[PDB]
Amino acid sequence: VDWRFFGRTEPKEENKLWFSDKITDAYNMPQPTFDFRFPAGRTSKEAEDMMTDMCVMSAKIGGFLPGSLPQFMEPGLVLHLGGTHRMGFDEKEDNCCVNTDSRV
Amino acid sequence: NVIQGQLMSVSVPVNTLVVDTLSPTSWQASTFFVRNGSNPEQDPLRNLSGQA
Amino acid sequence: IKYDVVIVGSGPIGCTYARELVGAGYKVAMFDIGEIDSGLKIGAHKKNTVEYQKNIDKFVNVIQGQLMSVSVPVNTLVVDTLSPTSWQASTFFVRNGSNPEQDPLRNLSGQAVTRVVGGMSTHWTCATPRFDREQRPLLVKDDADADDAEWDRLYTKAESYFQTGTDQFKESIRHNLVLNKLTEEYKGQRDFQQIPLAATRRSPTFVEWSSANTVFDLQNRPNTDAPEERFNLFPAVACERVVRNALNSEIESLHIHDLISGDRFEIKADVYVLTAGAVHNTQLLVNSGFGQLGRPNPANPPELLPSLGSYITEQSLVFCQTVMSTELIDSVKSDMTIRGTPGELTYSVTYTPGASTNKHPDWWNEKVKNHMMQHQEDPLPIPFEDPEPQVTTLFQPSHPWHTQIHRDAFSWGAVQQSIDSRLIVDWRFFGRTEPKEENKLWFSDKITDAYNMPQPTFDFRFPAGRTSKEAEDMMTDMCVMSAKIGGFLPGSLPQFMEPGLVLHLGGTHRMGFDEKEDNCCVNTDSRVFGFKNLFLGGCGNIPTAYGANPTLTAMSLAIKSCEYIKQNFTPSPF
Amino acid sequence: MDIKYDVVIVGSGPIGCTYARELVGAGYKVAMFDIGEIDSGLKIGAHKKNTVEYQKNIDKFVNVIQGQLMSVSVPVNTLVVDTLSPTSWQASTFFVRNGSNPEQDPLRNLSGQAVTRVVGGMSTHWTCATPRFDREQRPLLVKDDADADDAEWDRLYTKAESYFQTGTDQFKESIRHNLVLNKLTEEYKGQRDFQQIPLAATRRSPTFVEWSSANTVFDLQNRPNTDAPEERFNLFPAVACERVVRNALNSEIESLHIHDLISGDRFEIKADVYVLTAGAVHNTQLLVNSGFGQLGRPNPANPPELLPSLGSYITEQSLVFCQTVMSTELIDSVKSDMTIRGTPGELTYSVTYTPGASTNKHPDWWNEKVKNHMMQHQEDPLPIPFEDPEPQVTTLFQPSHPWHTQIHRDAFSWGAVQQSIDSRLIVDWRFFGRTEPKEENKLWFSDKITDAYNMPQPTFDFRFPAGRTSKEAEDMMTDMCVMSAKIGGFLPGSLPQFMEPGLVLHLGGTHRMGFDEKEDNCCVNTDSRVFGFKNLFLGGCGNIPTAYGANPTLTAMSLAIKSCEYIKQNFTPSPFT
Ligand SMILES: *Cc1cc2c(cc1C)nc1c(=O)[nH]c(=O)nc-1n2C[C@H](O)[C@H](O)[C@H](O)COP(=O)(O)OP(=O)(O)OCC1O[C@@H](n2cnc3c(N)ncnc32)[C@H](O)[C@@H]1O
Ligand SMILES: *Cc1cc2c(cc1C)nc1c(=O)[nH]c(=O)nc-1n2C[C@H](O)[C@H](O)[C@H](O)COP(=O)(O)OP(=O)(O)OC[C@H]1O[C@@H](n2cnc3c(N)ncnc32)[C@H](O)[C@@H]1O
Ligand SMILES: OC[C@H]1O[C@@H](O)[C@H](F)[C@@H](O)[C@@H]1O
Ligand SMILES: OC[C@H]1O[C@@H](O)[C@H](F)[C@@H](O)[C@@H]1O
Ligand SMILES: OC[C@H]1O[C@@H](O)[C@H](F)[C@@H](O)[C@@H]1O
């Protein structure tokens, strides 16, 4: 049996997806660059509580499979990225790019 | 394998693994230069390396 | 030549009998199949070199290099990319020392033995906890306070022989950092303290770890320091059999094979003591007509010691490593005022001594201050020479496992070497296993080992029931507890270790009041039933399910055994 | 411990022991310091492999080796670990941690280079291979007189061989040894010679070999003692030697500065003669820590006053390695003289040969071992006895094959899937290339970073020089592929490869020998005396100035014997008082 627990990550100004002005990707477009850490505070603390939780819960069904021990996965493998062009009611106040009709 | 065959990594930093068992006749780097599509903009310690 | 007492094995339990019986005036001979290997102090801890304590991870290699596997099943790995010119067999034939008797699925594949003078005490981690009663064999029936009093008498003497203490890591920041966070997290539910360690600190960067040498220096006697004592140690001697009289009431000699000269002799003594390890005592005994040689066969019970080799117990072992939480690291420097920026002529880091707002004592803040000022290039507040954490919460009914929160010699994956070792903490939780008849160590009537003795074979599973539920519960508890200190280190994720890797095997020649009723081989004097003059010492004697490191308990039993010996055998005149 | 000795020797390896043997035996009052400790049994400095238990479990010995090889220079680690828990403390940079050396260019390193600190040095674990260098690998000891040079080296090697108990016959009756020897001999008949690797070892019984060591050379016992009542020698383990003090004139060493690691005290020690045998890396360190050469990143705009050649022109061998799995043809030939009737196990299996038959391919001693094995072990599919010793084969360095070779079995740690293969089938191949001495190839010491013993941190600036060295390295590899194919195919997981640079542990020329300091870009003369100094001598593979492929210690040893002969003629033992 597989076990995957997915956490929530606090939206933080400093967590960024930006694009190079000299380096280009395979399609000759600006190369995506990440500046990212899981925020300290709740996100971190819930992250580790989530791990403990998977350990406690999974033990109820069986012991871990050797080779597939409880672990954090590579940041981003989960492909659940959001907030890069995020929705909000007001541009400035809700620090956002599209309104609730997703219109820029 | 189907999955892995259409996940193209978004941002791979420059690679600093030491390969020091090349044959002495083989062309060898002097530096960790920008190779094989890597992103020199990218801090390997502040990435989403698995993003694809 | 005729001795008063011969002892087989020079590990810490044989050295117990030596120290007890040499000191009481007996003419003692001691035989080890291994050789003198630790410098001039015979049988001493190998890790007592300046070079190892400056390079402590290196020590793993010393351990690995004197751990010889007991029973390796025949190998069935498929290599099908040899060149077609290369010789290849058509079967997985018996090769490379492997045991064809061994069921690969009912083994203790991590079980191993050490053949050097001082035995495994030349490499052990020196952890010496007492068993609480739940774990402990009874030495007095129906009188618990008397039992307690006897066990404390014996444990206390054993601790003086090993130099156990709980004070050697008192001034470690990592140790106190980890010890106080766990003391707080479990306020009112569990107690934590230092792992009791057989060792004496000689300086802030050097611990003199104990060993068999600590118990007894193994020098020949008489000598200038002990001119009235008589002891000879003979290394490179395989002891092979004890010879029984026809009535099976007395041992008549010890058959040895001197590996240097190649000669074979029969040594005579009044008292024969076997302290060759929980595996090898059992082997010598079976090779001597005790228990049953060969694949066990119930419809043909043995004359003597029908319980030998049965009811063996090995601990479940879980392990991980953690990388210290940001919070705890910052807490190391909570009492610090931090001016300017590291590296510039301005940077100050200060504290005020004895301030009551201060979370940590002066001695700790001072060390932190100086490390922070002297290594402004270093992003961490723990000093580089800061000794390792050594923390435990001892076995209790509500948490029936022993625990070590600490640092052992470890061989780092080099991806793991990316992580600074001041942040890494080892977690080892040790389970107790129910003694069950079907769990067995037996010896082949056909296959033999590197010394030509009957080959050891395990038939072992962790019993169903409590043993298994606790082992799983134990792993969960390590995940829950460790989480409070930091998250797991990649490459050292929570796991069960290879059965027997823990090396805490017992009950191979188990003790009890009554042979039949308690399914056992020796009584509470470690005297083999029926026999006047044969004693077994070692973890093989322990008949219970136990989580804590067994050696000190073995040592306590050995001490009592010597009391019987002293009360029943006259030393020869010198 | 006295104020003052005739001779102090830093280092208790096989080279330091050569000076002790010579000088102690000549009546000098000698002190030997070693930073490491006695840990090899009651024979002080002996080979750790000489235990019954290691020669019954010989692959376990690889852990003893690994246990006492401490890496010389580890660059700063830049592996990315990004699966830490978010709560765990995580680096912002690749900071200097776990003793790594921020001076070190990871791409110009000898990352395999390692040092050993125990009494006896690396001679407590070495492989005991002791070949002579032929002229083309050998430093000149006599200029313009090739005959005299040859005779002086023969004299010297011969004496060393006897100090080491070198021989070429301790595996003469190994089936596997001869199997491989003969195959190769036939394969290269008229092109190359094969013989047993010369090995510093005495065979005591068919299952046990007494490997030589520093202890063979000199037993490291304190003297005076019953067996040597008129000699004077004292060994002081656990003593970090840190500096030799130069006089103001740079003509004489005035004391040796030590640090008792056990008490923690620093002391100065006096002697007439000072001998540094700390190994190729630590001889240089001590010298630099003493003001020879140039502490710090090298800086050509700043040449040093003393020994400008120290820690320059260093050499280290290319090492290529694989293992083979013996060919079916060869395995079969093992039993080619056997007559085989019946089927193994049944009551009528017969395996027989005819002693002395002319049509026999193998000698009697060989066939008799084969027959007994096959008859006593019918469940075994192989003809090689269980206790057959290991092969120990070489074709020595020649101009048309300018590498050393070892076709043998060395302690090895087996991966899972290689343990699947009967070890009787396995042969190691190691070919060793010679490296041209180049000024840019440096061992230097940092002026900021310090090692575990608070000495200046070694730092390599090394590349295998383009030209002959590289060509030969690659040629060597091919020659191993080609030669090895004749015995067997490659063992998966031990495929032909170059080994990590310096793992070979044959570093030379760090303090190299020559006739003239400036003209030969060297630090010591042919008496191994440091130029300018009356009383400072160096011994070790660091003295070797040439490009060599064979294992060096015999050669270092021969140089130290010559050195001792100069000391015997120019210094005088104190009266035995
Ligand atoms: C490790 C290894 C060595 C080998 C080899 C196999 C292995 C795995 N087998 C070899 C063989 O087959 N052929 C041979 O020629 N070489 C082999 N080697 C290398 C050989 O082992 C060395 O070449 C040889 O020891 C060199 O001898 P040495 O010049 O005596 O140097 P060694 O390092 O043995 O002893 C020096 C020592 O002095 C100490 N030390 C270091 N620094 C200090 C200071 N500062 N103060 C006091 N003592 C100091 C050491 O602790 C050491 O014993
Ligand atoms: C290896 C090890 C062990 C260990 C440990 C960690 C490591 C990796 N740390 C421990 C800890 O923290 N504390 C705890 O209590 N135990 C720990 N251990 C286990 C401990 O070392 C052993 O319990 C203890 O050493 C057992 O002592 P004992 O004296 O009974 O046995 P020994 O150490 O194995 O020595 C016995 C010897 O007898 C020899 N021998 C064997 N067969 C023969 C024959 N046939 N003839 C003559 N001699 C024989 C051995 O060579 C040996 O010396
Ligand atoms: O590998 C991560 C992925 O794994 C699956 O378990 C989930 F369905 C997804 O949400 C996710 O993209
Ligand atoms: O590797 C298992 C060993 O590890 C240690 O941490 C314990 F102290 C020992 O009791 C044990 O024998
Ligand atoms: O692994 C390198 C080593 O291997 C052996 O085969 C050698 F003989 C040595 O010259 C060398 O130290």
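Residues numbered from 1 in each chain as written, not as in the entry; some residues may be left out. Chains lettered and ligands numbered in written order. Part of a larger assembly, values for the part shown. Heavy atoms only, no water.

A. Structural context of the interface of chain D and chain C. At the junction of the two partners, chain D supplies 59 residues and chain C supplies 60 residues. Counting the surface lost from both chain D and chain C, the interface buries some 5,300 Å², and carbon and sulfur atoms represent 56% of this. Its largest share of buried area at the contact with chain C, chain D owes to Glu53, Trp89 and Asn98 of chain D, together 14% of the area lost on that side. Along the contact surface separating chain D from chain C lie two salt bridges. The partner of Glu51 of chain C in a salt bridge is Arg117 of chain D, with the nearest N and O atoms 3.0 Å apart. Sorting the residues of the side of chain D that touches chain C by element identifies α2 (52-56), α3 (62-67), β14 (319-326), α8 (328-334) and β22 (488-490) of chain D as the ones contributing at least two each. A per-class count over the side of chain D that touches chain C returns 27 nonpolar, 22 polar and 10 charged. (Contact = heavy atoms within 4.5 Å. Buried area = accessible area lost by both parts, 1.4 Å probe. Salt bridge = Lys/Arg side-chain N within 4 Å of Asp/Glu carboxyl O. Helix = DSSP H or I, 4+ residues; strand = E, 2+ residues; numbered from the N terminus. Nonpolar A, V, L, I, M, F, W, Y, C, P; charged D, E, K, R; others polar.)

B. A look at the sheet that holds strand β5 (residues 166-167) of chain D. Residue and element names in this part refer to chain D. An order of β5-β7-β8 is seen for the three strands of this open sheet, with the pairing classed as antiparallel. Because the sheet does not close on itself, it has two edges, and the strands there are β5 and β8 (208-211). Sheet analysis places β5 next to strand β7 (residues 199-205), joined by two bridges and oriented antiparallel. Looking at β7, one finds that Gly167 is bridged to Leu199. (Pairing = 2+ DSSP bridges.)

C. Here's a closer look at the site of ligand 4. Residue and element names in this part refer to chain C. Taken together, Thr125, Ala127, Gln404, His406, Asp408, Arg428, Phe430, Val502, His504 and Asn549 make up the full set of residues near ligand 4. Residue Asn549 places a side-chain N or O atom 2.9 Å away from an oxygen atom belonging to ligand 4. Isolated, ligand 4 exposes 320 Å² of accessible area, and the fraction of that covered by the protein chains is 79%. Of all the secondary-structure elements, those providing two or more residues to the shell around ligand 4 are β18 (401-406) and β19 (424-431). Split into classes, the residues belonging to the shell around ligand 4 amount to three nonpolar, five polar and two charged. (Near = heavy atom within 4 Å. Polar contact = N/O pair within 3.5 Å; in protein donor to acceptor, adjacent residues only side chain to side chain. Areas by Shrake-Rupley, 256 points an atom, 1.4 Å probe, with all protein chains shown as cover.)

D. Examining the interface of chain D and chain A more closely. Of the residues lining the interface, nine residues belong to chain D; the matching set on chain A comes to 10 residues. Roughly 740 Å² of surface becomes buried between chain D and chain A when both sides are summed, with 58% attributable to carbon and sulfur atoms. Counting the surface chain D buries against chain A, the share from its top three residues, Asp82, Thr83 and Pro86 of chain D, is 56%. Summed over the shared surface of chain D and chain A, the number is zero salt bridges. Across the contact surface, chain D and chain A share four residue pairs in polar contact. Counted by class, the side of chain D that touches chain A contains three nonpolar, five polar and one charged residues.

E. Highlighting the nonpolar core. With 106 residues, the main nonpolar core has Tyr19, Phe33, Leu256 and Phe292 of chain D as its most contacted residues. The residues touching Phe292 of chain D, leaving out its near neighbours within four places in the chain, are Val244, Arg246, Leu287, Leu306, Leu307, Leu310, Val530, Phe533 and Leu536 of chain D. In this structure, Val6, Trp209, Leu274 and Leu304 of chain C belong to the second largest nonpolar core, which totals 103 residues. (Core = buried A, V, L, I, M, F, W, Y, C linked by side-chain atoms within 4.5 Å. Buried < 20%, exposed > 50% of the residue type's maximum accessible area, 1.4 Å probe, protein only.)

F. Quick look at a nonpolar patch on the surface. Taken together, the side chains of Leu17, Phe19 and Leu81 of chain A present a nonpolar region at the surface, about 270 Å² in accessible area. Looking at the secondary structure, you find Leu17 of chain A in strand β1 (residues 16-24). (Patch = residues over 30% accessible without salt bridge, like charges linked within 9 Å, V, L, I, M, F, W, Y side chains within 5 Å.)

G. Inspection of the UniProt feature "binding site: FAD" (unreviewed entry) in chain C at higher detail. Residues and elements named next belong to chain C. Under the UniProt annotation, "binding site: FAD" (unreviewed entry) lies at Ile13, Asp32, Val116, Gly119, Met120, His123, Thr125, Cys126, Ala127, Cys239 and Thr551. Considering the C-alpha atoms alone, the annotated residues occupy 539 residues of sequence and remain spread out, their largest mutual distance being 29.2 Å. Positionally, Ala127 belongs in the loop between β4 (112-113) and α4 (144-162). Contact partners of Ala127, with chain neighbours within four places excluded, come to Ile195, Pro196, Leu197, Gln404 and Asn549. Within the element layout of this structure, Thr551 appears in helix α11 (residues 551-568). Residues in contact with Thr551, not counting those within four places in the same chain, are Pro12, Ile13, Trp124, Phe162 and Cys539. (UniProt positions renumbered as here; feature names shortened; annotations may be inferred.)

H. Fine view of the site of ligand 3. Residues and elements named next belong to chain A. The local shell around ligand 3 consists of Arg4, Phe6, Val78 and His80. Measuring from an oxygen atom of ligand 3, one finds a backbone N or O atom of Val78 at 2.7 Å. One of the side-chain N or O atoms of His80 is found 2.4 Å from an oxygen atom in ligand 3. Protein burial of ligand 3: of its 320 Å² of free accessible surface, 50% is covered by the chains. Residue composition of the shell around ligand 3, by class: two nonpolar, one polar and one charged.

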